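Q: Just passing along the structure, written as structure tokens.
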Amino acid sequence: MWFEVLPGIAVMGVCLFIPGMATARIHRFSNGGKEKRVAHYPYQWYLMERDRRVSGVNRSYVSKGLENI
Amino acid sequence: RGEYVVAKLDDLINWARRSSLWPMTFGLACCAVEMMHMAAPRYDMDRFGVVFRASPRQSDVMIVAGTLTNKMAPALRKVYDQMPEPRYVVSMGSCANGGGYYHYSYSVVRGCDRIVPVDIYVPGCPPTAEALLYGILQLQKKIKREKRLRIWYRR
Amino acid sequence: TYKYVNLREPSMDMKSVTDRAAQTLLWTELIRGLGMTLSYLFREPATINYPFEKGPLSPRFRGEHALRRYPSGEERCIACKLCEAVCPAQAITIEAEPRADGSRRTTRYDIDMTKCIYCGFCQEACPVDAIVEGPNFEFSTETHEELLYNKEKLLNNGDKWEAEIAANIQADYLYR
Amino acid sequence: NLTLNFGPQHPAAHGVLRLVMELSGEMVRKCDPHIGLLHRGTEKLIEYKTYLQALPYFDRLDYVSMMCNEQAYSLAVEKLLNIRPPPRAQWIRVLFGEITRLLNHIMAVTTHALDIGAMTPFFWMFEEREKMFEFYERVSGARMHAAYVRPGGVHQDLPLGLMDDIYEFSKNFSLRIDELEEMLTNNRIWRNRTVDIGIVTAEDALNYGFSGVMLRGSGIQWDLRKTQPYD
Amino acid sequence: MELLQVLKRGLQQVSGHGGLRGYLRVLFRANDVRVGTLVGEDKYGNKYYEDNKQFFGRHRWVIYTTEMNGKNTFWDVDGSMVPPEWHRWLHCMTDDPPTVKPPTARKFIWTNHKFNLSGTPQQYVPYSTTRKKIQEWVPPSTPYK
Amino acid sequence: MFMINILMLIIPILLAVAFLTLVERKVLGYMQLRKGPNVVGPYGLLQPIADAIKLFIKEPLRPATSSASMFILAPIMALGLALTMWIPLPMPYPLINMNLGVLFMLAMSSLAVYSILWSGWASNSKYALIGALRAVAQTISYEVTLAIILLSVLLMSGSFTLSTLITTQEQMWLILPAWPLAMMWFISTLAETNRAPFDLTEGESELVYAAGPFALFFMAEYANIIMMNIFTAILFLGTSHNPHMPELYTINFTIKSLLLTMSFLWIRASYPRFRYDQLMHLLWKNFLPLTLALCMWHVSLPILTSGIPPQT
Amino acid sequence: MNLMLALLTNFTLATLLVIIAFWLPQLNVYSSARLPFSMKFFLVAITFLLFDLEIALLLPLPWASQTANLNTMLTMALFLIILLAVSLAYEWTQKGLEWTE
Ligand SMILES: CCCCCCCCCCCCCCCCCC(=O)OC[C@H](COP(=O)(O)OCCN)OC(=O)CCCCCCCCCCCCCCCCC
Ligand SMILES: N=C(N)NC(=N)NCCc1ccc(I)c(Cl)c1
Ligand code: SF4
Ligand code: SF4
Ligand code: SF4
């Protein structure tokens, strides 16, 4: 019966689901729980390098707020 | 132990090879029609892992389904020689089994086992699609009994 | 009396011409063909679960041969050789002589099951219902020699299958 | 002129038919069928059989139209014997002759579609073929080579309840033809593979010895069931 | 919502086989978890079921025994294991099971059915059943030349 | 941590490819009034594993190769490129976030034709080579429309970044303003990947040569079928992205890809096969004229509607 | 460095799989130069190449639409596509798209 096709479909679904899920979670793990910063242009890259220096730990994802002022 | 290892490796490749038997059919004559009915929805050979249309380059079992004439014998042997191993042959129907109703003819090979080795003989003129399925399932059990690795280990 | 299968005039009014233009560009017949295959995906398949389910057969089915007996256990065959005469394939070979008790009985009764065409002419020709084609069709073998039946093999088939063979003959003999 | 002859300088086996074709690019310039690969000397073997013994050879000719082959041989022998089969036998023979026609046209149409890619009507219709094989098996004990139609009539009478099942099967079969037509008749890809392909004129068909649909396809009004009827 | 009543039918198959182990056992042996009426059981352990709501072909089936004639048939089942008295019923050559219309007993009928024996030590080996036809002359034992 | 990411992309791809074989055989079966695999494992779930093992312990084909190095190269080329096509795909976050991700995929897809060509040279057979050239001619022909169709859609997106297609389709799928292009794009992916009714390499292998691992070429081909359909979903059926619950995107986006892939299955079950010249005419005389006209239309349309997208 | 790693991994695994697909079966021990090929196929390849080159000039169009010189951009964008269409019209009428003969 047609619903016996579903188990194979479900296995494919889980297999395709992992790449998108693994990438999203690894990004959060590596970037202080936030999205990996996108730097497509020199301005975006420049602000990232500035952030790395301002962080004080050499990590561009460690934000520093008004506590530094 | 090494005995127990080869016992399970044998069980593994044997399970894989009989769960994925890909036939190429010489539909030479009548018996090809019953072979088509075994692929047809009622019996659905594909549900056993036996794909319907397989190229000779990827085939594991040859089914001689029909009369093998003298004029065709060289072509049958050619295809058999090109099948990669392991390869098995199922002889289907009286004609292929031993000439059948044209046994005494001048142009008919009296059994395909004169040209190629045969593993299973399916009797009938023609065997019912379910009779051919019985022979295919009997070939699987023949493969299940194989013990290449255990014999290699004991060389 | 006859009919035309493809003698039709396509209308050339703008409505009809636009109907074929929308068909060409929007693939309507192709999508209609997709509907038919979709309706089959949701139909119950016709597959049966062999070997746990079997295709239906009738009492007349022609399968593996067997030599039968009388209720007393005496062989029905009397070495008349009518089966051997009619066999279109010459698959039957018979020899006979007087038995120790004087009965007319066979000393050889072979069927080359790789010559046999399973035509059933032998059971039609037999005057005493001795040779029959039984209901068994699952006797494929691994060697050629296993399919060259002699009298011992054929009698064993009869003893093995008599329960079913008798019931099948009971069902069909009024049509013979 | 590339050539495909299935031999040295061409590693490939032929099969049932050895077609030796010479092509110019994509076009076929000559098509040379080499047959005899299923020649079995049936006509010589029949000379050693009695008329009844030779009957099963005709099941194994057009092995898709078994009972029709039996009928042609039976009519020839009845004509030479100067006898006729009884009316019920003639009606049974026409009934199974038309069932046999369904068996053949299903096979012809669906394998023709399969050979060019449309693989699915073959499965839907071969379930219908399987049911018709049961009618063969119920009257003769054999699914294909019934040997049921014999000179003088038929071998055995229909078992009780067979006609009812044939009625049930026929009642639904036209819807199966409709489903087959829904896949093929109006499909632009099917039409592009068959329209204006293998055109034969009415005169060429006659002089080349064609018959059946090969004649009627070109408009010739001929059918032996009408012009030279039998049974 | 028939979805729920479809699912309930699914669960009743689990209980219809006597728990999950029975449901799994028939799923992996016979690749089918349907529940049918028990029509009978032969002397070898094969169980025969019917379900007349199924389309013709699937309305009768056999769950083979796990051991026949000393052979382990838990996974290795075979169509030839069906004895003749049930063979007629399972192939729809009749309507009546042997539990209702048993076969005619005979002295010579096998009491123990055998499945296909090809490829085993029990396989059939052909031979000529006739005796020697030409007798040779045996020379005398005492010398005399 | 990035290497853990690469393997979490490669390994599931090969598994999804493996179980697409099972899904294809079962969906084709039920459309044909049968079941397909249901014995090898429950519901045939072990069938892909049995087939994989069997192929990999089969004897190699015995015709001698005309080029040893280039016999190895073809499968490596084919499989390596197939895996490479997945690294820029945003699901919703790409493994590699490429500014010109669309161009990268177009460029890599155009190199996958080399495996077809190289396997022809290594075949040591003129018929094998002639077959390889025919497939290449078909492949490159439909690359023409895919590139132009792709360019037309990007004129509503405004960049070559793939994740920008998600922003473009925030309010509405691109299949609505571009359904004429979606129709042609979908058929081109069928003919691009030698899929029925465009599987003529195996259609014309019929009647009336040294060959690499069938398994390696098969896996590459089926990875491309999934990737093509994933790309179709992103390009036309854009999924909304919630940055705080990314897994919601991955569920819906996956389902769209599965359905699109199942439609490839649905389509080989339904139609007969084109003749070679007729699918060449389908491109050069039908798709390409419309694609050129719609490329012109889609250059004009943003300008005349004042709907030009931003660069970033 | 990530793209190099991804590329290196993709082909190393492809290479690894290929070799074991070459040797794993060996764990068992199972016992003149002008191709006869139509000139029409050469023209397909050449036609693809020339259309591929024109497609290269159209690829910058998404960025080109960002200029204040939209009157010139649109004119040249259409000019190129029209000439691309004129080339197809020339091949078509000259029977270059045919396969007969
Ligand atoms: C307001 C201003 C607006 C301006 C813009 C207006 C544009 C809209 C109006 C135009 C519509 C454009 C349609 C674009 C689709 C392409 C249409 C097409 O090319 O069809 C013709 C082609 C050949 O047809 P043929 O019968 O051979 O006749 C001509 C041959 N000389 O036919 C074929 O393509 C052959 C069929 C091939 C497909 C067979 C297999 C698939 C069929 C089912 C697929 C279903 C579609 C899936 C959709 C995917 C969505 C992601
Ligand atoms: N289902 C198809 N696509 N047809 C087909 N070739 N079936 C055979 C199944 C198969 C082939 C290659 C691999 I690797 C795997 Cl794992 C399974
Ligand atoms: S064995 Fe019987 S059915 Fe098969 S080809 Fe020979 S005559 Fe025909
Ligand atoms: S069934 Fe026919 S061919 Fe077979 S032994 Fe009987 S008469 Fe001879
Ligand atoms: S089996 Fe019947 S027909 Fe044949 S020899 Fe014996 S009695 Fe005569």
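Residues are named by chain letter and number: chains run A, B, ... in the order of the structure tokens, numbers start at 1 in each chain, and ligands are numbered from 1 in the order shown.
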Could you give me, as a VMD selection string, every polymer residue with an atom at most 7 Å away from an atom of ligand 5, counting only C-alpha atoms and all ligand atoms?
A: chain C and resid 76 to 84 122 125 to 131
Q: Could you list, as a PyMOL selection string, all protein and nucleic acid residues with an atom at most 7 Å from ligand 1, counting only C-alpha atoms and all ligand atoms?
A: (chain C and resi 24-27+30-31) or (chain D and resi 188) or (chain F and resi 180-184+186-187+197+232+236+267+282+286-287+290+294)
Q: Could you make a table, as a tab-separated table, of the residues of chain B that have an atom within 10 Å of an atom of chain G, each with its nearest atom pair and distance in Å to one decimal, counting only C-alpha atoms, in chain and number order?
A:
residue	atom	partner	partner_atom	distance
B:84	CA	G:30	CA	9.1
B:85	CA	G:30	CA	6.9
B:86	CA	G:30	CA	8.0
B:148	CA	G:28	CA	9.1
B:149	CA	G:28	CA	9.1
B:152	CA	G:28	CA	9.7
Q: Check every residue of chain B for an atom within 7 Å of chain D, counting only C-alpha atoms, and provide those that qualify as a ChimeraX atom specification.
A: /B:28,30,37,40-42,67,69,71-72,75,78-79,102,105,107-108
Q: Restricting the output to C-alpha atoms, write the selected residues as a PDB file, in the first residue's frame.
A:
ATOM      1  CA  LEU B  28      14.446 -16.363 -27.070  1.00  0.00           C
ATOM      2  CA  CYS B  30       7.671 -18.515 -25.590  1.00  0.00           C
ATOM      3  CA  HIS B  37       4.506 -12.103 -16.251  1.00  0.00           C
ATOM      4  CA  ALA B  40       4.264  -8.028 -14.012  1.00  0.00           C
ATOM      5  CA  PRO B  41       2.402  -6.631 -10.984  1.00  0.00           C
ATOM      6  CA  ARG B  42       1.020  -9.906  -9.611  1.00  0.00           C
ATOM      7  CA  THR B  67      14.750 -22.461 -27.554  1.00  0.00           C
ATOM      8  CA  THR B  69      19.070 -22.798 -31.967  1.00  0.00           C
ATOM      9  CA  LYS B  71      22.458 -20.276 -35.284  1.00  0.00           C
ATOM     10  CA  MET B  72      22.125 -18.538 -31.909  1.00  0.00           C
ATOM     11  CA  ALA B  75      25.763 -15.414 -29.497  1.00  0.00           C
ATOM     12  CA  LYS B  78      29.451 -14.572 -26.232  1.00  0.00           C
ATOM     13  CA  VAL B  79      27.162 -12.867 -23.727  1.00  0.00           C
ATOM     14  CA  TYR B 102      12.400 -29.586 -30.820  1.00  0.00           C
ATOM     15  CA  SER B 105      15.533 -31.039 -34.725  1.00  0.00           C
ATOM     16  CA  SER B 107      18.846 -26.750 -35.936  1.00  0.00           C
ATOM     17  CA  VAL B 108      18.271 -26.888 -32.161  1.00  0.00           C
TER      18      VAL B 108
END
Q: Enumerate residues in contact with ligand 4: an atom-to-atom distance of at most 10 Å, counting only C-alpha atoms and all ligand atoms. Format the result as an MDAnalysis selection string.
A: (chainID B and resid 94 100:101 124:125) or (chainID C and resid 62:65 82:93 110:126 131:133) or (chainID D and resid 53 56)
